[PDB]
Amino acid sequence: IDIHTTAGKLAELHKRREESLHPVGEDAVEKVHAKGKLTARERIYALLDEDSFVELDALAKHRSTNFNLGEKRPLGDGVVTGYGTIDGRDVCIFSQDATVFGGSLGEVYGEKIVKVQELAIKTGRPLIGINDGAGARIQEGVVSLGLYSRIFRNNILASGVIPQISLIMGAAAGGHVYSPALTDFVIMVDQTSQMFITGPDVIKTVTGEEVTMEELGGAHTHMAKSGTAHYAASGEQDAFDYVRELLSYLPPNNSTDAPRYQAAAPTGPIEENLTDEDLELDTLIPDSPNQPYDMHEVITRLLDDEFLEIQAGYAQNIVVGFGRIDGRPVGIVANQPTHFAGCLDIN
Amino acid sequence: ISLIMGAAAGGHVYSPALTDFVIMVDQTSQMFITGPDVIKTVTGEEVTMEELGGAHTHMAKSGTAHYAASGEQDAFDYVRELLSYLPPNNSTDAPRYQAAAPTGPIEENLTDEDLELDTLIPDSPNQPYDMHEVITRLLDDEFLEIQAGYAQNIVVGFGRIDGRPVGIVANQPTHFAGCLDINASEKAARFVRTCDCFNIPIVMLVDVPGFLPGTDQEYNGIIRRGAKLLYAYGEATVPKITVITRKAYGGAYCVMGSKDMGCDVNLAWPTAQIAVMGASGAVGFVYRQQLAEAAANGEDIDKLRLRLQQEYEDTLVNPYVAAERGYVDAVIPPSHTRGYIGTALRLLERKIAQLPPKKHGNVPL
Amino acid sequence: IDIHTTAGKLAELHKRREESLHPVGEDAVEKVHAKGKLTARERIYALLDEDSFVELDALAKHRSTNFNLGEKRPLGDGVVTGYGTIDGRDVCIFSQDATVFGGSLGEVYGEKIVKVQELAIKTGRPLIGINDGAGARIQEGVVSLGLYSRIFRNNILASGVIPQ
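Residue numbers (the authors' numbering), protein chains in the order written: chain A, 20 to 366; chain D, 184 to 548; chain F, 20 to 183.
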């Protein structure tokens, strides 16, 4: 074990690569599993294809000396970044470890995220971010705010260029929540995840309103009240199935075509290629001018079956979402007569 | 520019919304999609056209009207003035008035008015002061305020500095202590985008303690709507100058023309308080354990939590931590502000900024 | 002069501002004068047009804590950056102070230079660099190396765009 020989050095590296798997001891990983939740990395391993993850800055450590912070310096800083592939397509991803400083962002922690953001924009690949953690790390100072800006800045720079998906499986309080809003799609876990600027405590001691974290910013309130959540996953795994499904419709970037499936080669005319499912639409509209009907009946009959609805629990008077018509991905936008007669409203 | 000078109903109201500025005349001008009649014979609600969509409401409630004129003449005056700050199109630079040629340095061209800013900030850390006192003294006199009767916790408008047109975006300590909220955010976001569209430099007067707490802010989508101000600024490519006169905490600091947010020149007054959060709730986290032994062992908290709150305040809550990091280009006297913005505008005159190639972004709506 | 009053905070600024002119005591300044040389700052004033210089990151200080380096944290970190004019035209400039750590490049010192470069490129104006100092600060470690590279890169990006 001579730390001076090449062999000793390689051995030293494997020790750190090892500790990084549990930066704050294995006992911490136990509590996480004891709550049915997954680890920051286990989530990446779950979402990305098997054995496709390539971690970056896995051994980085914070460099602060304020308020006895130089006492505890975990590997990773409390964040797991890197890249892999979701269904064969390269993607850049990062997951926050709430067990490490409550998932609060520090300088190195920020640098690690900024690195992934620049990688995704540079390679023109999607950027997936799993959020879970308290506000900025106060001990480090304003450096955290500075890095925050750096992160937001890249989000608005990548907006509409690179698909950006945000997965909320934790709490996530503070300016931390502004990053997800800037992205394209925000996926939440109904219950196991919240989102809010100010915590119930402060809200309590400033307004008097007494509310719980769930009430204040759970998946259901951001899905039917704020209109910020695009999907409320029933469980962590479901949250992932949604994210892969979403990416299946989108291209790697704005300069690329949305992926298409094999398109059938019919013979026409349409009047001879009409199927039973098609004809069912000739009698779907009620003989009465006001009698409502589920617009989903029309949607499901038009495309190859299997509609990925967006914000299904928000403004149900309008239905939007992804699907495929003849192997071609299309965006559906329909009014739902079964709600407000299909009228349009602010939401 | 959209002038509403009568009752505008139906599709007659979408065109205005799509334009950049909406000027209405208070009393003689309305604006609504559905009329009171239909509303009543449907919801049962009883309202007049004036309450439904008059200038009073579209200015203070919906945040749609950028100006509520008293008379039609007033409306014209506003539009005539408004156009004097904007160029004919986004391909041309904003018109400039005869710029003044000083002698320099700044420390020698300080008017008695400039000096008034050196003592404007109260000695009491939380005592309010109207930010208008700072705007009036900075620009060449004459402020064309936008949405003045909406989200008063934030002030936006056009004015001139050294003859150069600028878009002013400042917080208002006399309303919510300067805090940011849904409405204020949206009010600024759109304004910022507008300035950028027509090459108008964005000057920001910072002084926000944070975001206004409240369940409603959340439920109504503060996170989503708040982002707009972030998006707008981060997107802008026009010269950006930010001056922190006092408070700047947490995320608010960021969304307020922060250095790392793309701001070109960041200035700060000696009274600036840039930090993650107020020293008040800071001690609770920082000196966590030390306060834990204030309930068990040596116990006196509340006389300890006030000593620590003062030590942290007197050592971290200031403009030098940020200045040392570079997030602030320089910490200067309030009086020096006006002259500093002048040279800055000149330096950034022909600034070069290229936004990523894309049909368009995807700002939250 | 109460640190808790606006007037005191204002006076505090003018106190550091004054110190930034001699980050290492007056004697050091008299030492370079006795050698028949100008100060890093005086050089900037000489070149640029009278009363035109606008200093950047004047009160900056290094954030290192290696090898008792935390004892000496001079203002400006050994380099004077900012802009001004030369014959009426705008220019960007930085001068290195050899009396501060030997003119050695540190993290902050580097950041200040990087900032000027990015300004020169952004504004599209000439970048004047007055060099005078040793290599990198061995005490700060590879950090200085990263910044050196950062400086070099910005140099080639500006090459042919901005007179340097």
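Beta carbons are placed, not taken as given, at the ideal position from N, Cα and C, and that holds for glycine.
Sheet register partners of residue i (DSSP bridge)
i: A/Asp-109; result: A/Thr-104
i: D/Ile-406; result: None; D/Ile-406 has no bridge partner.
i: A/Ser-212; result: A/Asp-209
i: A/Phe-204; result: A/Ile-184
i: A/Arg-343; result: A/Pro-348
i: F/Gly-148; result: F/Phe-113
i: D/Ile-457; result: D/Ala-431
i: A/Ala-47; result: In DSSP, A/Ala-47 forms no bridge with anything.
i: residue 611 of chain D; result: The requested residue 611 of chain D is not part of the displayed model; chain D covers only 184 to 548.
i: A/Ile-337; result: A/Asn-354
i: F/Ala-153; result: According to DSSP, which records beta bridges pairwise, F/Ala-153 is partnered with nothing at all.
Limits of the beta strand (DSSP E) - the one that residue i falls within
i: D/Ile-187; result: 185 to 187
i: A/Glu-328; result: 327 to 329
i: A/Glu-130; result: From DSSP, A/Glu-130 is part of no beta strand (DSSP E) but of the alpha helix (DSSP H) over 126 to 142.
i: D/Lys-423; result: 423 to 427
i: A/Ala-238; result: Premise fails: A/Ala-238 lies in the alpha helix (DSSP H), 238 to 243, not in any beta strand (DSSP E).
i: D/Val-448; result: 448 to 451
i: A/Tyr-250; result: 250 to 252
i: D/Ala-192; result: 190 to 192
Limits of the unbroken alpha helix (DSSP H) element including residue i
i: A/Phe-259; result: 255 to 268
i: A/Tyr-280; result: Where A/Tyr-280 is concerned, there is no enclosing alpha helix (DSSP H), given that its DSSP letter is neither H nor E.
i: A/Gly-27; result: 25 to 38
i: F/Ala-177; result: 161 to 177
i: D/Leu-321; result: 315 to 321
i: D/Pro-219; result: 219 to 226
i: A/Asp-306; result: Per DSSP, A/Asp-306 belongs to no alpha helix (DSSP H) and is neither H nor E.
i: D/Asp-295; result: 295 to 299
Distance between residue j and residue i (C-alpha atoms, nearest Å)
i: A/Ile-132; j: A/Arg-144; result: 15 Å
i: A/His-249; j: A/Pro-182; result: 14 Å
i: A/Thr-294; j: A/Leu-327; result: 23 Å
i: A/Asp-151; j: D/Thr-226; result: 43 Å
i: D/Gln-492; j: D/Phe-468; result: 11 Å
i: D/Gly-440; j: D/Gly-434; result: 11 Å
i: F/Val-99; j: D/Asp-390; result: 30 Å
i: D/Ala-191; j: F/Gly-179; result: 57 Å
i: A/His-52; j: A/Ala-155; result: 25 Å
i: D/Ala-360; j: A/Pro-305; result: 57 Å
i: A/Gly-236; j: A/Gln-213; result: 5 Å
i: A/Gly-165; j: D/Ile-457; result: 11 Å
i: F/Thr-25; j: D/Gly-350; result: 28 Å
i: D/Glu-496; j: D/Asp-447; result: 28 Å
i: A/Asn-309; j: D/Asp-203; result: 38 Å
i: D/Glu-507; j: F/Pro-42; result: 15 Å
i: D/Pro-396; j: F/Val-161; result: 44 Å
i: D/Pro-547; j: A/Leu-124; result: 24 Å
i: A/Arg-263; j: A/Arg-279; result: 15 Å
i: F/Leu-176; j: F/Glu-137; result: 10 Å
i: A/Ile-222; j: D/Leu-450; result: 32 Å
i: F/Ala-139; j: D/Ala-410; result: 31 Å
i: F/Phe-72; j: A/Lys-244; result: 54 Å
Rounded Cβ spacing between residue i and residue j (contact assumed at less than 8 Å)
i: residue 572 of chain D; j: D/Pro-392; result: This structure leaves residue 572 of chain D out entirely; chain D is present only between 184 and 548.
i: A/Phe-215; j: D/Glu-401; result: 6 Å
i: residue 18 of chain A; j: A/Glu-74; result: Because chain A in this structure spans residues 20 to 366, residue 18 of chain A falls outside the shown range and cannot be described.
i: A/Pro-270; j: A/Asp-276; result: 6 Å
i: D/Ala-419; j: D/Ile-385; result: 6 Å
i: A/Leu-201; j: D/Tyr-414; result: 6 Å
For the region 459 to 545 of chain D, which segments carrying the beta strand (DSSP E) assignment without a break, of at least 3 residues, lie completely within its bounds, in sequence order?
Fully enclosed beta strand (DSSP E) runs of 3 or longer: not present.
Return the chain-ordered ranges of every alpha helix (DSSP H) run that is complete within the region 354 to 388 of chain D and spans a minimum of 4 residues.
365 to 380
Mind pulling the beta strand (DSSP E) runs of 3 or more residues that sit fully within the region 53 to 102 of chain F?
73 to 75
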